[PDB]
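Colleague: Structure provided below as structure tokens; questions to follow.
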Amino acid sequence: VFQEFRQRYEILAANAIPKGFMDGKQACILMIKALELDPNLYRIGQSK
Amino acid sequence: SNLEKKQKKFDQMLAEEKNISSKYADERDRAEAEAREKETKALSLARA
Amino acid sequence: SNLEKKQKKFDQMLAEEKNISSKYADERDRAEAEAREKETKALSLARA
Amino acid sequence: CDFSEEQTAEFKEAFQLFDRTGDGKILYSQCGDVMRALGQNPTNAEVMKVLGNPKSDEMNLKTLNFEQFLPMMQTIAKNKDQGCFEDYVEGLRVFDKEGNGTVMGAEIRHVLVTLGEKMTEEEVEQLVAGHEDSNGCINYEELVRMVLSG
Amino acid sequence: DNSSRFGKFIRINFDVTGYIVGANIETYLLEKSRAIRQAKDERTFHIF
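Protein chains in written order, with full-length UniProt numbering: chain A, 726 to 773; chain B, 1450 to 1497; chain C, 1450 to 1497; chain D, 2 to 151; chain E, 243 to 290.
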């Protein structure tokens, strides 16, 4: 789940992820982009 | 993708490793100077 | 294949920089050990 | 020497108090335990600078007198400073999955055993006072605030 | 030669700390008929 993904790995993108409250999937997308993952290796749902 | 990320990382890491190497060289020379100072102190104590 | 052949050079350069860094670390620790030995000597002389 | 006469006397008292096997000289491994009892937190690498016995040293043949002990205590004391509780609890805020300022006891006790240097459950369990009762989520503030008194 | 005549399910129960605190052994209907109507070179229950 997106909140769990962020809370577990945020250290890797803490400078990129904004402090203000929002949909955690945006923060997850920012982190996944910072890691530069190939879009075939993952899929983003509404919760999972 | 992994190889590209690594290529970027190696470039950064080599430059930082040069900085670390330089820091160790400085600390080496500081420890050598300390050794000389305490050697002088030991000789003074022996003479005393 | 091209990326691997390229990364062999970076790996080699980083490995040699690590060798130099390690040599400085060894000399640093040698000088530090010398400092401890002569400090012990100075303390013995002071007690005497 | 940066230590006072009173500190040197206290160290000499400690040196001969934390004894003995039989001889009045302290053992090579046990020396580290004396330094730790004197409230210092150096890594075993600090001892490895002297490198008494490169192999497994059950025998502890590299015994120390006070004149050999005191320089090691000094290089330990001058090694490094130590960070505030915020530097500790940031690690816990990263390890946590609840996002509430506490952490699951069963998970954290395992993590603190596996990561870095190894410790026994006997060692680790004694560090916690807010034990894992009906509530699994231990407040790690109590742990850090207690141990930092040492 | 060691063929089970019965189906079984074991379970072990844990506390909040993650240690064992109890257990249960469920066992289902067994091939009881064979025990007195033995086919060639087949055996009854080992206990006999």
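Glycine included, each C-beta is placed from N, C-alpha and C at the ideal position.
Are A:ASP763 and B:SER1470 closer than 7 Å when you measure CB to CB?
Modeller: Cβ atoms of A:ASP763 and B:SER1470: not closer than 7 Å.
Colleague: Residue ranges of each alpha helix (DSSP H) run of no fewer than 4 residues wholly in the stretch 49-99 of chain D, ordered along the chain?
Modeller: You should have 67-78 and 86-96.
Colleague: Step through the CB atoms of chain C and report whether any lies within less than 7 Å of the CB of B:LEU1463.
Modeller: Closer than 7 Å: yes.
Colleague: Tell me, please, which residues DSSP counts as bridged to E:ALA265.
Modeller: According to DSSP, E:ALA265 bridges with E:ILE254.
Colleague: What is the rounded straight-line gap between the Cα of D:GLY117 and the Cα of C:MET1462?
Modeller: Their backbone Cα atoms lie some 29 Å apart in a straight line.
Colleague: Ordered along the chain, which non-local residues of its own chain (more than five positions away) have a Cβ less than 7 Å from that of D:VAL148?
Modeller: Cβ within range, chain order: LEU128.
Colleague: Under 7 Å, Cβ to Cβ, is there at least one residue of chain F near A:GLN732?
Modeller: Reference to chain F is not applicable here, since the protein chains of this structure are A, B, C, D and E.
Colleague: For D:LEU52, tell me which candidate among C:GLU1486, C:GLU1466 and C:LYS1454 has the shortest Cα-Cα distance.
Modeller: The shortest C-alpha separation from D:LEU52 is found at C:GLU1486.
Colleague: Please classify A:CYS753 as buried or exposed, where buried requires at least 16 neighbouring CB atoms within 10 angstroms.
Modeller: Burial call: buried.
Colleague: Rounded to whole angstroms, what's the CA-CA distance from A:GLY745 to D:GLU123? Just pull it up for me.
Modeller: Using only the alpha carbons, I get a separation of about 42 Å.
Colleague: Mind reading off the beta-carbon distance from B:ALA1474 to C:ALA1484? Whole number of angstroms is fine, and I expect it under 8 Å.
Modeller: Contact doesn't hold; Cβ gap of about 17 Å is too wide.
Colleague: Quickly, what does DSSP pair D:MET105 with across the bridge? List them, please.
Modeller: Partner(s): D:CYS138.
Colleague: Can the beta-carbon of E:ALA265 be found closer than 7 Å to that of E:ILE254?
Modeller: Going by C-beta atoms, E:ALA265 is nearer than 7 Å to E:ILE254.
Colleague: Pick out whichever of D:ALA38, D:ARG110 and D:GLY131 has its Cα sitting closest to the Cα of D:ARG146.
Modeller: The shortest C-alpha separation from D:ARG146 is found at D:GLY131.
Colleague: Report buried or exposed for D:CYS32, applying the criterion of at least 16 other Cβ atoms within 10 angstroms of its Cβ.
Modeller: Under this definition D:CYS32 is a buried residue.
Colleague: Would the stretch 95-110 of chain D count as touching the stretch 43-59 of chain D if we require 3 or more Cβ pairs under 8 Å?
Modeller: Touching, no, given that fewer than three Cβ pairs across the two stretches are closer than 8 Å.
Colleague: Quick check on D:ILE27: does DSSP put it in helix, strand or coil?
Modeller: Strand, per DSSP.
Colleague: Looking at the secondary structure, which residues open and close the alpha helix (DSSP H) in which C:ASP1478 lies?
Modeller: Residues 1451-1496.
Colleague: Check whether the Cβ of D:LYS50 lies closer than 7 Å to any Cβ atom in chain C.
Modeller: For D:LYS50, the answer is yes, since a Cβ of chain C falls inside 7 Å of its Cβ.
Colleague: So, under 8 Å CB-CB, D:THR103 and D:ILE139 are touching, yes? Tell me the CB distance rounded to an integer number of Å.
Modeller: That belief holds up - the Cβ atoms of D:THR103 and D:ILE139 are roughly 6 Å apart, short of 8 Å.
Colleague: Looking at chain B, is there any beta carbon in it that lies within less than 7 Å of the beta carbon of C:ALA1474?
Modeller: True, the Cβ-Cβ gap to chain B drops below 7 Å.
Colleague: Thinking C:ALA1482 and D:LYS79 are a contact (beta carbons under 8 Å), I'd like their distance in whole angstroms, please.
Modeller: No, C:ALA1482 and D:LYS79 are not in contact; Cβ-Cβ is about 15 Å, not under 8 Å.
Colleague: Near E:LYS250, what residues of its chain come up, given a Cβ to Cβ distance below 8 Å and the 5 sequence neighbours on each side ignored?
Modeller: Closer than 8 Å at the Cβ level, and outside the excluded window around E:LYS250, lie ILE267, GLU268, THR269 and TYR270.
Colleague: Thinking C:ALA1491 and B:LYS1490 are a contact (beta carbons under 8 Å), I'd like their distance in whole angstroms, please.
Modeller: 6 Å between Cβ atoms; contact.
Colleague: In whole angstroms, give me the CA-to-CA distance for D:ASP24 and D:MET120.
Modeller: Those two C-alpha atoms are separated by around 30 Å.
Colleague: Does the beta-carbon distance from D:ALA107 to E:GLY260 come in below 7 Å?
Modeller: Yes, Cβ-Cβ distance for D:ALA107 and E:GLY260 is below 7 Å.
Colleague: Check the Cβ of C:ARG1477 against every Cβ in chain B and list those closer than 7 Å, keeping chain order.
Modeller: The answer, in chain order, is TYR1473, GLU1476, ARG1477 and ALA1480.
Colleague: Can you check whether the CB of D:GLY151 is closer than 7 Å to the CB of D:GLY40?
Modeller: Going by C-beta atoms, D:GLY40 is nearer than 7 Å to D:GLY151.
Colleague: Who are the neighbours of B:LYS1467 on chain C, taking C-beta pairs under 7 Å?
Modeller: Here the neighbours are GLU1466.
Colleague: Given a cut-off of 7 Å, decide if D:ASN61 and D:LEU28 are closer than it, judged by their beta-carbon atoms.
Modeller: In contact: D:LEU28 and D:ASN61 (Cβ atoms closer than 7 Å).
Colleague: Compile a chain-ordered list of the residues in the stretch 255-274 of chain E whose CB is closer than 8 Å to at least one CB of chain D.
Modeller: Taking 8 Å as the Cβ-Cβ cut-off against chain D, the residues of the stretch 255-274 of chain E that qualify are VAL258, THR259 and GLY260.
Colleague: Skipping 5 residues on each side, what residues in its chain have a beta carbon closer than 7 Å to that of D:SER30?
Modeller: Excluding residues within five positions, the ones whose Cβ falls inside 7 Å are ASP58 and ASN61.
Colleague: Anyone know if the C-beta pair for residue 1426 of chain C and B:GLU1476 falls short of 7 Å?
Modeller: The displayed coordinates of chain C run from 1450 to 1497. Any statement about residue 1426 of chain C would go beyond what the structure contains.
Colleague: Is A:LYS750 near A:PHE727, with beta carbons less than 7 Å apart?
Modeller: Yes, the Cβ-Cβ distance between A:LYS750 and A:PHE727 is below 7 Å.
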